[PDB]
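Enquirer: Before I ask anything, let me first share the structure, which is written out below as structure tokens.
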Amino acid sequence: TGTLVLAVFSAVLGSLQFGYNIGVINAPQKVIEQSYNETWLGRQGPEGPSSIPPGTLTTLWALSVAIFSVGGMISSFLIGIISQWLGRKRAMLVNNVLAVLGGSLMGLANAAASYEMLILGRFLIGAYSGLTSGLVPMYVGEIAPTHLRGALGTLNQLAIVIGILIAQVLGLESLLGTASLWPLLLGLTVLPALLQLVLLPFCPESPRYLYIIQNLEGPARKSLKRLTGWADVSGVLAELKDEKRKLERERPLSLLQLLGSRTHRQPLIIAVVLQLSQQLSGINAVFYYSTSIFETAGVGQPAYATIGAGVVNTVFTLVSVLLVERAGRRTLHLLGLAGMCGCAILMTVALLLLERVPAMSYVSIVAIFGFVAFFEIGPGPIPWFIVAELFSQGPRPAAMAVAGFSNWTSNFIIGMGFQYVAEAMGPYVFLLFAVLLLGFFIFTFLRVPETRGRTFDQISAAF
Ligand SMILES: C=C1[C@@H](C)[C@H]2[C@H](Cc3ccccc3)NC(=O)[C@]23OC(=O)/C=C\[C@H](O)CCC[C@@H](C)C/C=C/[C@H]3[C@@H]1O
Ligand SMILES: *[C@@H]1O[C@H](CO)[C@@H](O[C@@H]2O[C@H](CO)[C@@H](O)[C@H](O)[C@H]2NC(C)=O)[C@H](O)[C@H]1NC(C)=O
């Protein structure tokens, strides 16, 4: 079994870096922005304006978080080709090389007196995160024995969320996230990539990719022997043999085929809109600008309350793993969307009514926590399950590629536009999210069937 824990450890490390990179921009903002100002002052000359014009600064710092989503977008198309050509292990190793390059470019921003280097570093780390999000679930679910596949499935979520929380707690003013040690945060996100790069080559290749694609038999037999610790593994090998034959029985569809194929259309629309529901809900607005939101809202020590948001995220992800197994699929999405809309309305009421009673700033805090909480029940995991259960073994690759691309593009939209929207509208930002949620809730209530424990024949015939 040891081989199994080691391999899952490497995959989880990749996922944990994904989480770190998602969450590490919320706390250091007011410091990182300052650096930009300083650098932008140094390149003007004698008659300069003595300050970076606010618009230029807001746009630079918004790019510095949307470029990550651009990296993910470019990933979503590539997840398949490298997986098929190199495999799972080799893809992750090349991926770690790209990760080190991107993070190193991130961390050397201060010395270079350049804000382009950090933007490019975010692009590279975004491509990393896209590929590793694509390639960790595949591998862990690939190797894990039949019974434990469900349990090892959720390790990716715990990993990502713990990574986010670690990033948020390392951005405090007493800890790394300070005036002169912020780039070392980005160096830190470099660091675990080396540990994974030096640990993985001591782990086995996915038997399924070694049998179904490469046609190889003996190496797969050795890998199974060295993974499961069984005297005889004939049954599993035969099962994958018939799996290869079934895959040959119905070859997968190309992306354009899926897009233009009438029969597989309506489920494709459901997948796309559920991803848009996960993202345009506004969760990434919280994960990226919690500190800014709180400081606007009258909180005393915004970084601490952001840590609170991260801890709520972790706790309710644990609850989600322990609950989703016994609740349904549409039901949890509905409940999460409704709770999130209510929490956004409460946030708007708290911001609007802050002047009249300052001691109500605390209310804002709880609202956001509720928000995050109600996101990790309904719209956090459920969209991916619904995407999985709406498609047979044939067209899953293309369907997942489309869902992921839509997810990343909507993430870019929210991450780039939140600053401008908040500046323009003011305390009303969250009202907008509330409206979206309600809108989407309508859709989800009356357009997505319940897929829990429902036969693929029943699912398809329902449409
Ligand atoms: C707020 C977000 C962050 C915080 C996560 C969030 C929590 C989560 C994490 C892991 C699985 C399911 C839910 N819920 C997500 O969906 C999350 O993460 C992923 O989707 C990660 C990997 C997936 O297995 C493959 C798809 C990976 C990408 C194609 C999509 C990534 C989504 C992010 C999301 O931006
Ligand atoms: C951009 O950075 C400069 C330099 O720190 C800021 O200018 C200083 O601002 C203070 C007030 O906060 C003035 O009293 C100082 O005299 C300014 N420095 C100099 C050298 O004149 C500027 O305010 C910053 N602006 C933003 C938006 O960050």
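Numbers in chain A come straight from Swiss-Prot, and the residues shown are 21-483, in order.
Method of determination (from the header): electron microscopy, 3.3 Å.
Here the Cβ of each residue, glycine as well, is placed from N, Cα and C on the backbone.
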Enquirer: Looking at Swiss-Prot, which one out of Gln177, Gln216, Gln234, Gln478 binds D-glucose in the same site as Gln298, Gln299, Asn304, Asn333, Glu396, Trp404?
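Expert: When Swiss-Prot describes the D-glucose site, the candidate it includes is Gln177.
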Enquirer: When the topology given in Swiss-Prot is taken at face value, are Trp81 and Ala408 found on one and the same side of the membrane?
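Expert: No, opposite sides.
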Enquirer: For the set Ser149, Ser274, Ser301, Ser426, say which residue Swiss-Prot annotates with phosphoserine.
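Expert: Going through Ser149, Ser274, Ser301, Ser426 one by one, Swiss-Prot flags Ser274 as phosphoserine.
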Enquirer: Do any residues, 6 or more residues outside the transmembrane segment (354-374), come within under 8 Å Cβ-to-Cβ of it, and if so which ones?
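Expert: Residues 297, 301-302, 316-318, 380-381, 383-384, 387-388, 390-391, 393-400, 402, 447-451, 453-454, 457-458, 460-461, 464-465.
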Enquirer: Among the binding-site residues listed here (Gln177, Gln299, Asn304, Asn333, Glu396), which has the Cα closest to the Cα of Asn57 (N-linked glycosylation site)?
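Expert: Its closest listed neighbour, by Cα, is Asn304.
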Enquirer: Cα of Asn333 (D-glucose binding site) to Cα of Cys223 (S-palmitoyl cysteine): how many Å, rounded?
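Expert: Checking the Cα atoms of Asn333 (D-glucose binding site) and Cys223 (S-palmitoyl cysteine) gives a distance of 31 Å.
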Enquirer: Give residue numbers and ranges for long-range contacts of the transmembrane segment (202-222): same chain, 6 or more residues beyond its ends, CB-CB under 8 A.
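Expert: Long-range Cβ neighbours of the transmembrane segment (202-222): 26, 29-30, 33-34, 36-37, 40-41, 44, 48, 51-52, 55, 109, 112-113, 116-117, 119-120, 123-124, 126-130, 138, 141, 145, 187, 190-191, 196.
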Enquirer: For a Cβ distance below 6 Å to any atom of ligand 2, name the binding-site residues from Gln177, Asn304, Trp404 that qualify, or say none.
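Expert: Passing the 6 Å Cβ check against ligand 2: none.
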Enquirer: According to DSSP, how is the topological domain 'Cytoplasmic' (164-171) divided among helix, strand and coil residues?
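Expert: Tallying H, G and I as helix, E and B as strand, the rest coil: 3 helix, 0 strand, 5 coil.
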Enquirer: Taking Cα atoms as reference points, rank the recorded positions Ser274, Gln298, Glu396, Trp404 by distance from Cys223 (S-palmitoyl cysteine) and give the first.
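Expert: Among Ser274, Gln298, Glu396, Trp404, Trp404.
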